[PDB]
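Asks: The data below comprise the sequence and an experimental structure of the protein.
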Amino acid sequence: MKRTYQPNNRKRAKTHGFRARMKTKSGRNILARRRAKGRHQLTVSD
Amino acid sequence: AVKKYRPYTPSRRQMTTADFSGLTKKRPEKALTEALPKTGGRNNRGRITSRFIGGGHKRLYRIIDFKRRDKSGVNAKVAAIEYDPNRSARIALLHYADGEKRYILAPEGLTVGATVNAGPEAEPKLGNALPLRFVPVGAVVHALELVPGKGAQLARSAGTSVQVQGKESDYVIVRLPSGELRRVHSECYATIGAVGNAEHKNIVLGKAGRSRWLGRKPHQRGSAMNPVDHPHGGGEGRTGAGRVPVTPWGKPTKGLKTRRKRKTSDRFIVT
RNA sequence: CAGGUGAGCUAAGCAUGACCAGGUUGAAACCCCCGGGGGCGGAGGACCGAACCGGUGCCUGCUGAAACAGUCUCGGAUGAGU
RNA sequence: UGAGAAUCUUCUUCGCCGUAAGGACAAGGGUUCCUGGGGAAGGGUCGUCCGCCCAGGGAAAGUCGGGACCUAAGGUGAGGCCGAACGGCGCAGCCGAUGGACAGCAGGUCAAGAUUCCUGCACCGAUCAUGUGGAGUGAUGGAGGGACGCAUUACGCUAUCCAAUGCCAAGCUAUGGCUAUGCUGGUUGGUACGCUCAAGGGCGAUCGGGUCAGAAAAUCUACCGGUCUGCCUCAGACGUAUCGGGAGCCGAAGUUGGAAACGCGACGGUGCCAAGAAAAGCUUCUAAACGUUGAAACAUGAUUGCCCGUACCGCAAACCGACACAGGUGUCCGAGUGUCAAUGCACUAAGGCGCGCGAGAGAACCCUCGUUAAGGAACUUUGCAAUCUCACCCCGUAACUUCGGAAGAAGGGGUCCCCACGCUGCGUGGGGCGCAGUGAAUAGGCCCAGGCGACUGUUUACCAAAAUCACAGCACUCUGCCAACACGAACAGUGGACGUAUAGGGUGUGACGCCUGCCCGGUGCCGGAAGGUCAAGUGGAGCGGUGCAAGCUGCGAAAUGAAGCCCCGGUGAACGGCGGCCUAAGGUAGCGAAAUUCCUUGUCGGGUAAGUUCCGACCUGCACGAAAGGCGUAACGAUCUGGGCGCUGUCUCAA
Ligand SMILES: [Mg+2]
Ligand SMILES: [Mg+2]
Ligand SMILES: [Mg+2]
Ligand SMILES: [Mg+2]
Ligand SMILES: [Mg+2]
Ligand SMILES: [Mg+2]
Ligand SMILES: [Mg+2]
Ligand SMILES: [Mg+2]
Ligand SMILES: [Mg+2]
Ligand SMILES: [Mg+2]
Ligand SMILES: [Mg+2]
Ligand SMILES: [Mg+2]
Ligand SMILES: [Mg+2]
Ligand SMILES: [Mg+2]
Ligand SMILES: [Mg+2]
Ligand SMILES: [Mg+2]
Ligand SMILES: [Mg+2]
Ligand SMILES: [Mg+2]
Ligand SMILES: [Mg+2]
Ligand SMILES: [Mg+2]
Ligand SMILES: [Mg+2]
Ligand SMILES: [Mg+2]
Ligand SMILES: [Mg+2]
Ligand SMILES: [Mg+2]
Ligand SMILES: [Mg+2]
Ligand SMILES: [Mg+2]
Ligand SMILES: [Mg+2]
Ligand SMILES: [Mg+2]
Ligand SMILES: [Mg+2]
Ligand SMILES: [Mg+2]
Ligand SMILES: [Mg+2]
Ligand SMILES: [Mg+2]
Ligand SMILES: [Mg+2]
Ligand SMILES: [Mg+2]
Ligand SMILES: [Mg+2]
Ligand SMILES: [Mg+2]
Ligand SMILES: [Mg+2]
Ligand SMILES: [Mg+2]
Ligand SMILES: [Mg+2]
Ligand SMILES: [Mg+2]
Ligand SMILES: [Mg+2]
Ligand SMILES: [Mg+2]
Ligand SMILES: [Mg+2]
Ligand SMILES: [Mg+2]
Ligand SMILES: [Mg+2]
Ligand SMILES: [Mg+2]
Ligand SMILES: [Mg+2]
Ligand SMILES: [Mg+2]
Ligand SMILES: [Mg+2]
Ligand SMILES: [Mg+2]
Ligand SMILES: [Mg+2]
Ligand SMILES: [Mg+2]
Ligand SMILES: [Mg+2]
Ligand SMILES: [Mg+2]
Ligand SMILES: [Mg+2]
Ligand SMILES: [Mg+2]
Ligand SMILES: [Mg+2]
Ligand SMILES: [Mg+2]
Ligand SMILES: [Mg+2]
Ligand SMILES: [Mg+2]
Ligand SMILES: [Mg+2]
Ligand SMILES: [Mg+2]
Ligand SMILES: [Mg+2]
Ligand SMILES: [Mg+2]
Ligand SMILES: [Mg+2]
Ligand SMILES: [Mg+2]
Ligand SMILES: [Mg+2]
Ligand SMILES: [Mg+2]
Ligand SMILES: [Mg+2]
Ligand SMILES: [Mg+2]
Ligand SMILES: [Mg+2]
Ligand SMILES: [Mg+2]
Ligand SMILES: [Mg+2]
Ligand SMILES: [Mg+2]
Ligand SMILES: [Mg+2]
Ligand SMILES: [Mg+2]
């Protein structure tokens, strides 16, 4: 009974990846929003 | 002489299929088929535009010569009439005296190997590309230009014909397949005669999917949609009221053309 | 209401690859004897039935083995297929 | 073993999967791999054990996958087109495998890696040297080719499996027998070389002309004319050698007959229509340039061979399901016996496992089951469920029909063992055994008659699969090509469509058959456009301020101003209407107690002992009706309704 999470590394990083977020002002906003919150992770890149 | 079937299956009796005997059984021409058709209904932004275009058989384009003006004065031999997807009309391969091969629409008749003559001075044989000026009045012609150069745009579905009528100082009147009486410039080329495979129109599809083989996804009525998706909404039974389409309008009688400069360029008789 | 995040589930499209045991039936066309008989041929959104795809009816399950299943039964099964 | 054992280790039986519950991969996980140790907690009990804790090792590539190559969709994108901003597009080029391209196989082994390492022997490209040759090379450009669908199907062959009184290897046996003709196991992989055997497969061949063809070039392509079975090829087999492996107590044998792939020969043949990528590598040409007494190429030797991945799990206890989860998870291989066939069913090889609480006991009750007197649907909303039917062969099969079908209609018969005979395992006779012969497993209940929908199909992830939806067919209607139509800040760009009226868009009917009547009054729309009305604008005649006045300035008509509406025709496969003891008309066919009937269990007939159901007539159609289609229709349905056969614990009535 198929589940929501089928992992896929190229998909996980093509979406969600730091280079992917940097392409868009929303994603650069996600990046700085995380740097400010001070997360250790910041992206699926880590 | 279209092929038929016995009813060995429930939906095979009503089917019809075209007569391929005269088509030459050969591969399309490796250079003339640039191929590469994407075959998507989704347009530039991925949103459905012409609704219900779907899968079906993959096709290739084969480039067709619509202007037929760079070969003026050169004879051509008809290599082989042959099948083509993406056209209601069959097309004819032809080899030029300088050895160029090129595709064209097939007129009705035209047995393989017939000579054809493009240009201004070429005689009104079947298959020649001619200016409207040299065409005698009342002859059957297809592959009609709307403007000099560019290419043929009128009469190109199977069996369509255009009728020359009178003549002006340059412009020549013609009867379009709708019966529209439109003027067209003297320098427009045309191919004499009617298009080949004249009786495509009588083919019966005979089952649902056979149109899927043509890439036509099922076409829903808006009688079935919920009022969210179509102005023919729910209604607990089945009906209609007001007669409007997807985005609302009039599908039974409404004038839809606009107020273009094209309107003065044809006698008003139309459809 | 605003600006975002999501088609890795699912709803479709596109490009490109792959899969569908076996058995039944015997369309044209082609060839003989007088549309009919014989051969021949191997067509089909044809038949039966595994994978596979799907969920027809009861029952069980009901603080489950499982936040939608299980046994049995059932639909298709070369096509509008997976 | 141990402090402690139903559970950890080993041995011998047992049972369970075996197109898997075996094996190999991809994902994806990340040390879970191996060794030595540990016992808190995680392990549904235990625990000395573990996929858990600790420490330490294991992971090797010029040839496998990717990269240093190519391109599809897609994403980019100097220039370029747009757009309050952020940005949206966008030619070339570039990225981008799921595809194209490309050089090795056989064997061995750590505790743990293997086309990687080692052993044997190959190939690839590159550089250089020696020599032959001793001169032409021959581009981001041209050309060929690479380059492709589906179904069937002929011939050879391999993988691979079967048989034997073929060979080889080892030993026994005993129970009552066999003394081996019995039992068990094995019975070739690679490479090199052949005047060895070989289906199948490919390919014609130059001379010349024309410029108008490939940008120009061209000795290469295309066009055009003249000119005469054969070559090439090995799939695979056979021999010699060799190098391995090889049952076994270091190394034996390697035969004969048969079966046989989706694999190989091949890019085979044939049929079909829905008409089936691109690009570089590659082959061939010249342009420019470099030379034409240190060429292209070939032979040998030497030298060089970069990056990333490879452990382990990988239909699952190591991935997705919060779990050591009955769930799912793409590709490949998947033996034998029997059974028409098969990846089916039953048993089993290899291999793998008994599902991480156990032991008793044999109450009620509950779940999955086996048999059941007599009766047989009486049960009940309904035969729901459970019987019954069951595979193959022979015989035989209706109303109806679109002539194809209904059809596996129905119904009856055979089925096992032995012997003789005939034919190529069948048929022919005979005999035999049981209750019984598809002996166990898998393996249709059928008929009559309706309603609805023609049909295959599609659907509400997780209470509805249908009479819904779609469907071919039909109809209206639009749209002349920057087409109507749609996405869109957009004279951007796209889709329609590299389509052009036999096409494209919308709407509704929904195969086929006979058909589809009346009513333009309202509403819509299409035409007309004498007249009515109608904005800004043009006009500014006049009515007023304020100044001594020039002048400045607030209002401001008439006429003239478009579409559009009022008005006038028409249009129904436009929205619709076709009735109440005047409205535009008032129901053409067909049907009718309907899926439509309130009164209603309508009346009569049918069928049952008994029929609110059901079927056929009637018509009083509350409240049918003609492409929101009317009347039929063969075939079809996990569709609904009524009946009958058959058999059943559904039931009498439970044991
Ligand atoms: Mg889930
Ligand atoms: Mg990283
Ligand atoms: Mg339609
Ligand atoms: Mg609805
Ligand atoms: Mg609406
Ligand atoms: Mg409505
Ligand atoms: Mg209704
Ligand atoms: Mg719309
Ligand atoms: Mg079928
Ligand atoms: Mg049938
Ligand atoms: Mg479904
Ligand atoms: Mg069935
Ligand atoms: Mg001790
Ligand atoms: Mg203890
Ligand atoms: Mg011992
Ligand atoms: Mg496995
Ligand atoms: Mg990985
Ligand atoms: Mg271990
Ligand atoms: Mg250990
Ligand atoms: Mg412990
Ligand atoms: Mg414990
Ligand atoms: Mg254990
Ligand atoms: Mg490496
Ligand atoms: Mg090596
Ligand atoms: Mg590679
Ligand atoms: Mg872009
Ligand atoms: Mg790519
Ligand atoms: Mg690949
Ligand atoms: Mg290779
Ligand atoms: Mg060792
Ligand atoms: Mg190993
Ligand atoms: Mg196939
Ligand atoms: Mg024997
Ligand atoms: Mg040369
Ligand atoms: Mg396969
Ligand atoms: Mg390139
Ligand atoms: Mg491994
Ligand atoms: Mg790893
Ligand atoms: Mg869960
Ligand atoms: Mg599990
Ligand atoms: Mg097999
Ligand atoms: Mg087997
Ligand atoms: Mg067998
Ligand atoms: Mg089985
Ligand atoms: Mg395992
Ligand atoms: Mg166990
Ligand atoms: Mg039971
Ligand atoms: Mg009984
Ligand atoms: Mg009886
Ligand atoms: Mg009763
Ligand atoms: Mg019943
Ligand atoms: Mg019911
Ligand atoms: Mg039942
Ligand atoms: Mg009759
Ligand atoms: Mg018949
Ligand atoms: Mg029968
Ligand atoms: Mg007897
Ligand atoms: Mg008998
Ligand atoms: Mg039996
Ligand atoms: Mg049984
Ligand atoms: Mg239906
Ligand atoms: Mg069916
Ligand atoms: Mg549901
Ligand atoms: Mg359901
Ligand atoms: Mg434009
Ligand atoms: Mg309808
Ligand atoms: Mg009644
Ligand atoms: Mg009734
Ligand atoms: Mg009806
Ligand atoms: Mg009665
Ligand atoms: Mg009745
Ligand atoms: Mg009607
Ligand atoms: Mg209907
Ligand atoms: Mg039937
Ligand atoms: Mg169905
Ligand atoms: Mg019944």
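Replies: Alright, I've got the coordinates. Residues are numbered from 1 along each chain as shown, chains lettered A, B, ... in the order given. Ligands and ions are numbered 1, 2, ... in the order given.

Asks: any chance you could map the strands in the stretch 151-271 of chain B?
Replies: B:152-154, B:162-167, B:172-175, B:181-184, B:189-192 (DSSP state E, counting those that start in this stretch).

Asks: and among the ones you listed, the most buried is which?
Replies: The highest mean neighbour count among the strands of the stretch 151-271 of chain B belongs to strand B:189-192 (a mean of 26), with neighbours defined as mean count of other CB atoms under 10 Å in any protein chain shown. All C-beta atoms are positioned from the backbone trio N, CA, C, and that covers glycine.

Asks: which SS class is residue B:94?
Replies: Local secondary structure at residue B:94 is given as strand here, using DSSP: H, G, I helix; E, B strand; the rest coil.

Asks: Not counting residues beside it along the chain, what's closest to it?
Replies: The shortest distance from residue B:94 to any residue other than its chain neighbours is 4.3 Å, reached at residue B:76 (CB to CB, 6 or more residues apart in numbering or on different chains).

Asks: Residue B:114 too?
Replies: Across the structure, with CB to CB, 6+ apart as the measure, the residue nearest residue B:114 apart from its sequence neighbours is residue B:78 (5.0 Å).

Asks: and the one you found, bridged to which residues?
Replies: With DSSP bridges applied, the residues forming beta bridges to residue B:78 are residue B:94.

Asks: Could you export the strands of the stretch 151-271 of chain B to a markdown table, including columns for distance to ligand 6?
Replies: Listed next are the strands of the stretch 151-271 of chain B as a markdown table, based on distance: least, CB to the ion, whole Å:
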| stretch | distance to ligand 6 |
| --- | --- |
| strand B:152-154 | 40 |
| strand B:162-167 | 43 |
| strand B:172-175 | 42 |
| strand B:181-184 | 40 |
| strand B:189-192 | 49 |
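
Asks: of the ones you listed, which approaches RNA strand D most closely?
Replies: strand B:152-154 (3.5 Å; CB to the nearest atom of the strand).

Asks: Could you list the paired strands of the closest one along with their orientation?
Replies: strand B:144-145 (antiparallel).

Asks: Please identify the buried residues of the one helix or strand the residue nearest to residue B:94 maps to?
Replies: Taking DSSP states H and E as the criterion, the element that holds residue B:76 is strand B:75-82. Across strand B:75-82, burial judged by 16 or more other CB atoms under 10 Å in any protein chain shown covers B:76, B:78, B:79, B:81, B:82.

Asks: Identify the residues contacting the first one.
Replies: Residues touching residue B:76, when contacts are defined by CB atoms under 8 Å, 6 or more residues apart in numbering or on different chains, comprise B:94, B:95, B:96, B:97, B:102, B:115, B:116, B:117, B:118.

Asks: where's it relative to residue B:95, distance?
Replies: Using CB to CB, to the nearest Å, one obtains 6 Å as the distance from residue B:76 to residue B:95.

Asks: closest to RNA strand C out of the strands of the stretch 151-271 of chain B?
Replies: The closest approach between RNA strand C and any of those, judged by CB to the nearest atom of the strand, belongs to strand B:152-154 at 26.4 Å.

Asks: ok, and what's touching that closest one?
Replies: Outside of strand B:152-154, the residues within contact range by CB under 8 Å, 6+ apart are B:66-68, B:105, B:142-146, B:162, B:174, B:176, B:184, B:189-191.

Asks: mind checking how far the closest residue to residue B:81 other than its chain neighbours is from ligand 1?
Replies: Nearest in space to residue B:81, with sequence neighbours left out and distances taken as CB to CB, 6+ apart, is residue B:92 at 4.8 Å. Note on residue B:92: its distance to ligand 1, by CB to the ion, to the nearest Å, is 59 Å.
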